[PDB]
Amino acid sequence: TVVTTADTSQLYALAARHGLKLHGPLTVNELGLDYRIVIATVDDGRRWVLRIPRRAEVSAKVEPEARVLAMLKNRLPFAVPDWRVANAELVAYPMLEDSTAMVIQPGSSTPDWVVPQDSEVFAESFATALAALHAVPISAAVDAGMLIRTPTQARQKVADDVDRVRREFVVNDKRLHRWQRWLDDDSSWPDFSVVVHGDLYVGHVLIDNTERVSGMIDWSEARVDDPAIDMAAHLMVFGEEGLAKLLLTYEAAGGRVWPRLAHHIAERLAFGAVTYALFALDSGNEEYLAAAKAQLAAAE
C-alpha cells in the first residue's frame, strides 16, 4: 500500500454521480482556497478536469459561470472549458490539452517557464484573441445573466474596493494618494465597458505548440466591465514594451481604445495591491494577509 494525496474512492463516486467514469491516471491540486482541482483520466481515454467546489458559497457561483461559458462557446475563436458537468458538488470538463502560457509547479512561487517576450506569435495572437473577447456583444452578456458594470459602475467598484481596504488595513500614504488621484482623473477612465475575462494572465491562457493562443481557462471573474482589467497582467509580465505591442495590434484588430488607455492599464496594475489585499482578507489565510499588509504599507 502507498499513501496518496488523492482519495480515489471518493473522487470516483463523485464523478460517477454525474455521468463520468474515472479510470486511469490522475493528478490533484489542493492549493486552491475555493476549489479542489483534479485532472483525471476517464473511460473515454480522455483527461477531464474536475473542479470541486469546497463550500456552499463557492458552489453558488457554478450556475452563473455555466451560463457565461455557454454563451461564450461559439462567440470566441479559441476554446473555453466545456462544462459538460456543472452542478454544486462538481464541475467537469474535458481537459483542453494545450499548455498554459506559464508553467508553474503547484506550491512554487517561481514558474518553470513563461512564453517568451520575443514570441511574436504569442504576442500577436493574444492581442487578437483579446480583441475578439472584448467584441462579444453586451446584449449577449445581458441575455446570459452576467454581471454588468457601466463605466460609472466600473469606477465605483474600484472606489468601493479601495475604501474597503482603507477600512481594514493601514495603507502607505503615497499609495492611497495614487489611487485617489486615479479615481479622480477623468481622462484615464473609459467611456464604455466590454465583456472581460477578469482574471486574465499567462497562467489562464492556453497556447498550441507554436505558441499561438488556442484557449483561455478560469472564467470565474468574467463580467462586463473596464477593458483594461484584461491588460494589466500583460503589462506586469511583458513590460511596457510588450504593452505597446499589445495595444497597437489590439486596435488594428478592431479593439476599441482611448487615448489614456496605456496610462490606465498601469494604474489598474497598481490597483492589483487592493485586489490582493481583499482576496487575503476574504480568505482569512494568514500568509496571504501578512503579504498583503506588508505590500500595502510599503512604498511603491
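Numbering starts at 1 and runs along the sequence shown. Superpose the two forms; the largest set of C-alphas matching within 1.5 Å is the rigid core.
Enquirer: Which segment is farther from the shown form on average in 6 other deposited structures of this protein after a rigid core fit, 139 to 147 or 92 to 100, going by CA atoms?
Expert: This comes out as 92 to 100, the stretch further from the shown form in 6 other deposited structures of this protein.
Enquirer: Is 162 to 170 or 105 to 113 the stretch whose C-alphas end up farther from this model in 6 other deposited structures of this protein after a rigid core fit?
Expert: With the rigid core superposed, the C-alphas that lie farther in 6 other deposited structures of this protein are those of 105 to 113.
Enquirer: Do the CA atoms of 257 to 265 or those of 39 to 47 have the higher mean B-factor in the entry?
Expert: For C-alpha atoms only, the mean B-factor is higher in 39 to 47.
Enquirer: Can you tell me which stretch has the higher mean Cα B-factor, 189 to 197 or 111 to 119?
Expert: Comparing 111 to 119 with 189 to 197, the higher average CA B-factor belongs to 111 to 119.
Enquirer: Among the choices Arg223, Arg212, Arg155, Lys174, identify the one whose CA B-factor in the record is greatest.
Expert: Out of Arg223, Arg212, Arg155, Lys174, the record gives the largest C-alpha B-factor to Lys174.
Enquirer: What third of its chain's C-alpha B-factors does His234 belong to: lowest, middle or highest?
Expert: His234: CA B-factor falls in the lowest third of its chain.
Enquirer: What third of its chain, lowest, middle or highest, does the C-alpha temperature factor of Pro77 fall into?
Expert: Its C-alpha B-factor, which the entry lists for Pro77, ranks in the highest third among residues of this chain.
Enquirer: Among the modelled residues of this chain, does the Cα B factor of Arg178 put it in the lowest, middle or highest third?
Expert: Tercile = middle for this residue's CA B-factor.
Enquirer: According to the PDB entry, is the CA B factor of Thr150 in the bottom, middle or top third of its chain, that is, lowest, middle or highest?
Expert: Its C-alpha B-factor, which the entry lists for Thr150, ranks in the lowest third among residues of this chain.
Enquirer: Which third, lowest, middle or highest, does the C-alpha temperature factor of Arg167 belong to within its own chain?
Expert: It falls in the top third of the chain.
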